[PDB]
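Take a look at the C-alpha cells below, where one protein chain is shown in two forms, each on its own, as structure 1 and structure 2.
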Structure 1
C-alpha cells in the first residue's frame, strides 16, 4: 500500500480571521438551505488533476526533474472524514485569500457535504510557506502559517451527519469509478491504486492507433467486434469538443433501433447522454467531451455541430472508399431515412439526404449515385429530380413510364427500399429541385 495522507501539519501561532465576501456568503446560504451530494468527489479530483498539470507543465518548461505526481483519497469512518491530497502546484497565501472559477466549484461542492473544511496548502514555488485554511461555512474563515505542509494541497472534509456514507471506503470507491475513472494522474484510495483508464479522446487524432480505438470502442460500446468507422473530432470553435465516434462493423440489430457518453474535461456528466446526438444517429457509439457543459441552448448547439460533422464524415468516407460506404448505407440507411422523415427543418432533411445512395437509369446495374451527382448530370431545361420506386431494377426498367422518358435522355433514380417512397415524399426537394415520382 502507498499512502501519503497523515497528520504532519502544525500551527505555531494564532489564526487570522477573515470574513467571506457577500456573494460567497449568499451562495453558502443557498448550499446550507438546499441533493446529488456525491459529485463533490469528482470536482475535487478534477481540481487536483489541474493543479498537477500546472506543476508538470511548469517543471517541464524548465529543465527540472519531476517529483511524484499523485492524487490521494483517504476515508476515516472513526472520525467521519474524507480527505483528498495531491502533490501539485498548490496555492500561495494570496490565492487562499483571493478565493464561478474552479476554486469556487470545489468550494461549494465541499460545503454541500461538510460541517467544516480543513485545508493545508503549500505552493511549489521555491521558498513557499505552508498554510492552514479553516471554515465551518459561516461568514468567517481562518488562515495561519503551518509547518509540515507537503507541497500541493490537502482538503479534509469533516462530513455532515447525513453524509457519513462518504467516510466508507466502498462508497467512495464506487463514486470514483463512476465519474472519475479517466483522471490522468495516478489516483489512490486508502493507499490502493485505483484502476483508471486512458482518455484517448483527449489525444491528438494522429497519435491514436487502430488497436487503441479497437480497445476503446469495445469498452464504450460493450461490444466484441471492431468499429467499421472511426471519427476522432477535436475542435475549439465555436465550442470545445474532444470526441470519438464509432460505427459498429456488425449490422444494426433491434437493440440499436430501440449512444454516447458525455464528459467535461475527463469528468463524467452522463454515462448515456440523452440528446447529445440527433435520434437518427443513435447507432453511433463513443464519447463527447466538452469544457462547455453545465434542454439547454448549449446542448442544442453541440448536437447541431456534431450532426453536421458526422454528415460531413460520411460524405468524405463515400469519397475515400465507395464500396465500403455502399455497405454502410445498406446496413444503416434506414436510420438516415428515419432522420429525413422526422426532421423539422428542410435544411436538415437535405443535409441527411446527402448520404442517400440510389441506382440510376444512367448508371450500370448495381452502381450507386448520390442526389448531388444526379443533379450535376441534369440537362438544361429539366429542373426536377425524377425517381421510381420498384422492387428491383428489372421492374423499374420495364415501367412504361420510364420507357417513354428514356426517349428524351432524362435520368431516373431507381429506388428499391420499401421506405424510399416515404423518404422522398418527406424530403420533397433537394438543392431547390423538386423530387417527382414518375409513377403516381
Structure 2
C-alpha cells in the first residue's frame, strides 16, 4: 500500500527578498574547542604550522627583495609554575589590522590569500600549510586565556598585544618591546596542565611536527634532527639514512631488506618510502588481524601515524610514509576526504609495489626467494580475499613454486610456466604436497609423467587453497593433478 504526501502545490506569491548568511561566532569557536579535534594535543601541531607558515612568508619576501635572512626559528617554552605553554616565531608577524582580521575573523586565512596571490609560481607555494583559517582557535581547547604578541616585519610597524578567552570578544592594544614575529602565550585550563610539562610537549612535537623545515627549540634545546627523506631526490638518500628512518617510522631495531622510494606527480602527487623488514613475522603477528600501517603526511605535517586506508590489507607487512599535497584533508587534519581518490591512490600504490617486487625477483632471485618464503603468506591472503580477478592475478605474479620440469629447489613463476606450455595446451597443472619427494611419488603425478605435461609443485601452507581461489591465471585454468 504505497502512501505519499509529496506533490507540487507551492506557488510563490509575493515579492522576494535577499539576505546574506550570518554566523554565530562564539558557537563556531566552541565547535572548534569541543567537537572538531580527536585530541587536545593537536593545538601544538596547529600553532607550529602557523609559525612555519609565518617564516615561509618572511623567507619569500626577503629572498624576493634581496635582503639577508635573520634568525629563522620556532621556540617553545613550558612554564610549569605559571601553568603556561608559549610558542614564539621570528617570521612575518602581523600588523594591528592583520591581528584584527586574521585572528578575529573565523575561516579568514592570510596564508591561503598569500598562496592565491602567487599564482603558485613560487617555491613557498607547496610549503604553506594553512587553508581553512580555523587552526589557531584550536588553542581554546587547552587555554583559559590566549595572549598574543606580534610585530610585523613591514617598515614602521610596532608591537601589539591580542587577548581573548574565546568568548566572542578579543582585545587589542599597543605593546613593547615585541620582537619581530609572533609570540603566543597560552594560559592552560585546569585539566590541561599536562602541556606545561616539557616531557609531554616533547612527545607532541615529535609526533606531529618532527619534520618542520625550520629549527625548533623546546625550552632551549633543538629537536628536529630528522630530514624528511621522502621529499628528497631518491639518488640523494644513503642506505644509512634509509636504515635510520626505517628504524624510526617502523619503531624497529632491524634493517629494511627492501626499500622503494616512489615519487610521482601524476595522477596524484606522491612522496613515499616503503620498506620490507629484515625480520620475518610470526604466525601470531599475521593472525593478529591488523590492517595496513603507514604514516601519512601532508607537507611534512603528520596526518595519521598509522593510516589503514592507504595500502591494501595484504600489504600490511610494509612500513613507511606517504606524503601528498593533492588529496584534500578533513577540517580536523587528522584524516583524508574524498574516498574514490583515496582508492585511486591505493590502487596506484598497490600496482607500484607489485611491480617493485616483480622487479626485485629479476634483479636478485635468491633474495626474492627468501622474501617469498618469509612474506608469501600475505600474497596468498591477498589473492584469497580480493574480489576483482585482475587483482588476484597481479598478486599471483609474485607467487613461486617448484616444477616437475626444473631441478629440486628451483623456483618458477606462473608466467614462466605459461611460457613453457606447448602449442595448444590450455591449462596450468599443479600438485600440492609437503615436499618434492611426496609430490613425485603421487600416483596422480605418476600418471602425468606418462605425458609431457609440466606440473607445478606447491609445498607452502595454503598453497592449494590459494590456487582454488585464484582459479585461473592468464586465462588458463588452474587444475589440480589429483582430479
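For clarity, a rigid core is taken as the largest C-alpha set superposing within 1.5 Å between two forms. Residue numbers count along the first chain shown, from 1.
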Sole member of 235, 270, 195, 346 with a C-alpha shift of at least 2 Å between structures 1 and 2 (core-superposed): 195
Is residue 301 displaced by at least 2 Å at its C-alpha between structures 1 and 2 when the rigid core is overlaid? no
Does residue 386 move appreciably between structures 1 and 2, meaning a CA displacement of 2 Å or more on the superposed rigid core? no
After a core superposition, would you say residue 312 shifts its C-alpha by at least 2 Å between structures 1 and 2? no
Core-aligned, what does the C-alpha of residue 139 shift between structures 1 and 2, expressed in angstrom? 13.6
Residue 182: how big is its Cα shift between structures 1 and 2, in Å, with the core superposed? 0.7
With the two forms matched on the core, what distance in Å separates the two CA positions of residue 47 between structures 1 and 2? 6.5
